[PDB]
Amino acid sequence: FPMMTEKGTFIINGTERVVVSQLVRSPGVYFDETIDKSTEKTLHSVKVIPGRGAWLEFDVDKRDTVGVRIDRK
Amino acid sequence: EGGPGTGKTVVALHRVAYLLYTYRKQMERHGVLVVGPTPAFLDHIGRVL
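Residues numbered from 1 in each chain as written, not as in the entry; some residues may be left out. Chains lettered and ligands numbered in written order. Part of a larger assembly, values for the part shown. Heavy atoms only, no water.

As documented in the archive entry, the model was determined using cryo-EM at 3.08 Å resolution.

Here it is as structure tokens:
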């Protein structure tokens, strides 16, 4: 198992390397609001985004009827 | 539902004003649909709206 030196590095096949840290978006439920284009109407949305699985999204449209999409279908 | 001689239309219009101010954030991009029996009455409304 490639181990890690006291300096914060790894040594791979002789060369010294560094595993940088990645910025990402956290899993969770993320709401929104996007002024509509056709009608200039507010309309909200949510989105549930885990590390693994399918994307489940709900919305409120201009017809004022809530809706859902599963696996972005 | 009232009757004649009691100003129900003006009252309804003031009511609509109260609502369109209070909840001017869900409305203000939807509108106010006002139906009526005749365009004479509709212009009257538009005139004291």
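K.L.:
How do you make sense of the overall build of chain A when you look at a structure like this?
P.N.:
In terms of regular secondary structure, chain A is built from zero helices and seven strands. In chain A, the order of α-helices and β-strands from amino to carboxyl end is β-β-β-β-β-β-β. Against the globule reference of 11 Å for 73 residues, chain A gives a C-alpha radius of gyration of 22 Å, more extended than a compact globule. Overall, chain A is about 65 × 25 × 15 Å in size when its C-alpha atoms are taken along their principal axes. Taking all 73 residues of chain A together, 10% fall into the buried category. Considering only residue pairs separated by 6 or more positions, chain A has 5% of its internal contacts joining residues 24 or more positions apart. Of the accessible surface of chain A, which amounts to about 6600 Å², a share of 56% is contributed by carbon and sulfur atoms. The averaged location of the 11 negative side-chain charges in chain A is 6 Å from the averaged location of its 12 positive side-chain charges. (Helix = DSSP H or I, 4+ residues; strand = E, 2+ residues; numbered from the N terminus. Rg over C-alpha atoms; globule rule 2.2 N^0.38 Å. Buried < 20%, exposed > 50% of the residue type's maximum accessible area, 1.4 Å probe, protein only. Contact = heavy atoms within 4.5 Å. Areas by Shrake-Rupley, 256 points an atom, 1.4 Å probe, with all protein chains shown as cover. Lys, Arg positive; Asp, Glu negative; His and termini not counted. Charge placed at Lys NZ, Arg CZ, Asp CG, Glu CD.)

K.L.:
Looking at this structure, how should I read the layout of surface pockets?
P.N.:
Space left empty within the atom packing is revealed by a probe, the size of a water molecule, rolled over the atoms. All names here are of chain B. Taken as a whole, the largest pocket holds about 280 Å³ of empty space. Together, 14 residues line the largest pocket, and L13, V16, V34, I45 and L49 are the ones closest to its centre. Broken down by secondary-structure element, the contributors of at least two residues to the lining of the largest pocket are α1 (8-22) and α2 (39-47). Per element, the largest residue contribution to the lining of the largest pocket is seven residues, and it comes from α1. The residue inventory of the lining of the largest pocket, partitioned by class, reads 10 nonpolar, three polar and one charged. (1 Å grid on protein atoms, 1.4 Å probe; cavity = no way out; pocket = protein on both sides within 12 Å on 5 of 7 lines; lining within 4 Å. Points joined across faces, edges and corners; volume = space filled by probe spheres on them. Nonpolar A, V, L, I, M, F, W, Y, C, P; charged D, E, K, R; others polar.)

K.L.:
What am I meant to see in the environment of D71 of chain A here?
P.N.:
All names here are of chain A. As for its position among the elements, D71 is in the segment after β7 (66-70). Judged by relative accessible area, which is 47%, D71 ranks as partly exposed. Here the alpha-carbon distance between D71 and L23, two residues 48 residues apart in the chain, equals 25 Å. The contact partners of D71, leaving out residues within four places of it in the chain, are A54 and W55.

K.L.:
Just to check I follow, could you spell out the side chain of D36 of chain A for this structure?
P.N.:
Residue and element names in this part refer to chain A. Following the sequence through the fold, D36 ends up in the loop between β4 (32-33) and β5 (44-49). Of the side chains with opposite charge, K62 comes closest to the buried, unpaired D36, at an N-O distance of 5.6 Å. A polar contact of 2.4 Å, which involves the side chain of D36, links it to the side chain of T39. Residues in contact with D36, not counting those within four places in the same chain, are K41, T42, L43 and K62. (Salt bridge = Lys/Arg side-chain N within 4 Å of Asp/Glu carboxyl O. Polar contact = N/O pair within 3.5 Å; in protein donor to acceptor, adjacent residues only side chain to side chain.)

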